Each structure stands twice: as C-alpha cells, then as structure tokens.
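Below you'll find only one chain, the form deposited in one PDB entry, shown as structure tokens.
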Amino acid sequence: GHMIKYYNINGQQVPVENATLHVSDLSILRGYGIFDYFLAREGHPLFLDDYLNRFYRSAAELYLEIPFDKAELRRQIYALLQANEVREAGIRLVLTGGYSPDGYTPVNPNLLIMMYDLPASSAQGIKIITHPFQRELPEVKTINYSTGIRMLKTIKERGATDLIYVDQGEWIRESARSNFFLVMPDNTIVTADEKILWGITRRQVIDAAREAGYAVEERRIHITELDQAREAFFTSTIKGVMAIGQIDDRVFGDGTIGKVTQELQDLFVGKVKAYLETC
C-alpha cells in the first residue's frame, strides 16, 4: 500500500528526504552504534518486546542511553506506522554514538527509526561458503558489518549467495545477517550457543522446535560436523527459516528443503500468527 513518507530522528517525524545526520556523528566517523530490525504485519511489529529488549541491551553494552523508555519508543514506532499509513513494513532502529566533540568520545546518541516495504523475499536451498572470521562483540547488535559487506564480491565470484562464519576455521557461528542451524540424521537440531547474536528468529524457532518435542542442542559446532548433518538452515527476521542446499562442495540431500527445516518453517509462521493473535 502506502509509500514510505516519514522516518523519525530523535523523536521527530521527518520526511524521508530530510532524514540526515551531521557528519560529526560517531557512526559515520567511528562506526559506533547499535541497531535492530523487525517486521510489522497487520499493523503490528512482530515479537516487538523481544526486539526492544535486545535494542536496550545492545545500547547498554556501548554505554549509549536511549533517550526514550521502552513504552515511549514503542509509541514512536506505532506512530510512525500510522504516519506512513502502512500495516506491512520493515522497521530499523539505529542508535549512534552521536555528535562527538573530538570525533571519538560519545556525548549524546542519535536515535533513528526508519521504515521500509516488507522484504519481497525454486525448490533449491541457497548455496553458501564457509569463511574463517569471528564477529566483534557478537552478542551486541552493533552496526559493524565491514567483513560481511567486504565479502559480498568474494561470495558472488565464488558462485555462492551467502556465507557462514567459522571462528578460527573451527567453530561454526552465524552468517553476517542470519543465525545458522544443522539438523542431524536423528533429527537433533544443533546451533551455536556462544559468540553469536541471539536472533529473535533463532529464539522463536528453538522454542517451536522444543514445543514440537525435537531435541535442540545449543553448543559449540565443529566445522567437521557439517558432514554429519542431514539439513542446514538460516534464521533471520527477513528470511524467517531459509533452507541451505549447499555449503562449499557439500549438497545437503538433493539440495531441496529438508524435512525438519520445512516443519520449522511452518512452525515459525505459526509463532508469527500466534503473536499477531495477541495484538
């Protein structure tokens, strides 16, 4: 439906054409900031309390105080959906280190609320590469995506559409923008527990998997366990559950969505529908 006309900067609704920051902002000069991103459906941001809790935790880890309490931020978000006259959207929160006197020391953070159309996003799982790397402050949703973005050319050149980070080439973590899961041939679901972002999609999938009576192991994953797994999938806000058909030279099954991945995809849609019924 309606075109996005407005963002919010520091609690003011602004036309998108005037949504700017002065270049003294620490995100621009020092990549200092946190963010979060969630969808809205039926006029409701999904799992909103979980996202806002993460946003507040992220901010506290950078010693950045959000200038509004959580109920006031929720109001600003809802007000922005209404201003843009949309029920279906992507929503980005950004908290920067602010306009710094010396190009380093935070003084006052800048708060952004941006809004987008829902992601527009055959049988085949996506094809990804392993990449040796460990995200900085990985439990914090920082704005730092240098390595993930710098890798886009390498991902493409190599014939893949995404990656999976492996800490020192040994310990499976996450992609730049997704959590990562395996399903073992006995249907055990396996996902990293440490040095990753605790995705909201990850949380909802794990809960749905356990509520369905699946075994879920949150544990260190050795790179060699890719060869014991039957299925692999990503989770994220914009992907939901997304089947991975190939990692490096390994096709998972015939590369089409595995049994448990398909089940979890439906259960995630169910978690979304259940959440919307509470709004």
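All residue numbers refer to positions in the sequence shown, first residue = 1. Here, rigid core means the biggest group of C-alpha atoms that superpose within 1.5 Å across both forms.
Quick note: we don't show the form deposited in another entry, though the next part is all about it.
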Sole member of 183, 166, 160, 209 with a C-alpha shift of at least 2 Å between the shown form and the other one (core-superposed): 166
task: Classify residue 127 as shifted (yes) or not shifted (no) between the shown form and the other one, where shifted means its C-alpha moves by 2 Å or more with the rigid core superposed.
output: no
- request: Inspect the rigid-core superposition and answer whether the C-alpha of residue 114 shifts by 2 angstroms or more between the shown form and the other one.
  value: no
- request: Align both forms on the core first, then report whether residue 194 has a C-alpha shift of 2 Å or more between the shown form and the other one.
  value: yes
message: Since the Cα-Cα distance for residue 182 and residue 196 shifts by 3 angstroms or more in the other entry, is it a contraction (closer) or an expansion (farther)?
response: farther
- request: Classify the change in Cα distance between residue 65 and residue 196 in the other entry as closer or farther, relative to the shown form (magnitude of 3 Å or more).
  value: closer
